[PDB]
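Numbering (full-length UniProt numbering), first residue to last: 24 to 246. Heads up, the beta-carbon is just placed ideally off N, CA and C, and yes, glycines get one too. Notes for the one structure printed next.
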Amino acid sequence: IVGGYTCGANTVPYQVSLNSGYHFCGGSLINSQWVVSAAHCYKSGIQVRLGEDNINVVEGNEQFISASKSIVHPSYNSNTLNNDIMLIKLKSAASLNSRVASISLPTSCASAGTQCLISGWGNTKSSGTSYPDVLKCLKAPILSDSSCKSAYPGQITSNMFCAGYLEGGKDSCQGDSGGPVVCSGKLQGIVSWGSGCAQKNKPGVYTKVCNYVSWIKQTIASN
Ligand SMILES: [NH3+]Cc1ccccc1
Ligand SMILES: [Ca+2]
């Protein structure tokens with residue numbers, strides 16, 4: 024997250040870290056046994072880390088649970104990043120409380136202008152690299168589809184939306200991928216892609232979760 028603020032320990036209780044020996048992507052806990060992330064975060068041997076703030080210090084509220092199954096969307100295209108969403112089943116149910124909780128799925132799509140919260144452990148610099156150890160947060164609005172398509176001609180599908188600031192300065196970045204965009208208490212987006220981080224006229228692009236609710240619910244019910 025570039026240009027954000029320190030969330031505070033366990034203030035984003037649905038945020039997960041995907042670990043393969045090291046943090047490599049974010050994710051969101053959507054019930055006791057299932058996590059949603061970005062398909063471009065796929066890899067084998069994932070451990071899901073819940074209750075994290077400092078990802079390099081054991082602070083006492085963590086739950087570390089291995090993945091038993093990963094399901095990439097049937098229509099994920101890695102060249103265009105269309106349908107950039109994946110479901111991960113935990114080997115055992117997590118223990119839910121105030122500091123570790125699920126985020127609700129949307130019933131409706133969110134409209135442009137709605138303010139959302141984006142969070143992650145990704146790079147904090149637009150030029151160069153500095154990775155935080157504690158969770159960072161950013162408040163940002165959903166941009167109109169017209170402005171999003173104007174920023175990225177030819178690249179934006181119905182399954183994507185832009186959020187952020189056309190002036191630059193504030194954005195998600197590498198290492199935030201997979202993580203949540205939450206608006207009015209619902210999961211509306213997944214951190215997916217963009218052209219660099221925090222640049223002028225290049226906002227972040229996010230997977231539009233409202234289009235996938237039926238696939239998520241049917242997949243969870245049969246796996
Ligand atoms: N600035 C959007 C973004 C770029 C690369 C990875 C994740 C997010
Ligand atoms: Ca920790």
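Put simply, the region 112-125 does not touch the region 184-200. Fewer than three CB pairs are less than 8 angstroms apart. Within the chosen limit of 6 angstroms, ligand 2 reaches the beta carbon of residue 80 through at least one heavy atom.
Residues whose Cβ lies closer than 6 angstroms to any heavy atom of ligand 1, listed in chain order: 194, 195, 196, 197, 199, 200, 214, 216, 217, 220, 227.
In the three-state DSSP reduction, residue 240 falls in the helix class (H, G or I). The residue among 141, 171, 161 with its C-alpha nearest the C-alpha of residue 224 is 171. When the beta-carbon positions are compared, residue 201 and residue 48 come within less than 7 angstroms of each other. In the displayed model, residue 225 falls within coil according to three-state DSSP, outside both helix and strand. Note on the region 88-119: whole beta strand (DSSP E) runs with a minimum of 3 residues are 109-113, in chain order. For residue 209, the closest alpha carbon among the candidates 192, 190, 125 is that of 125.
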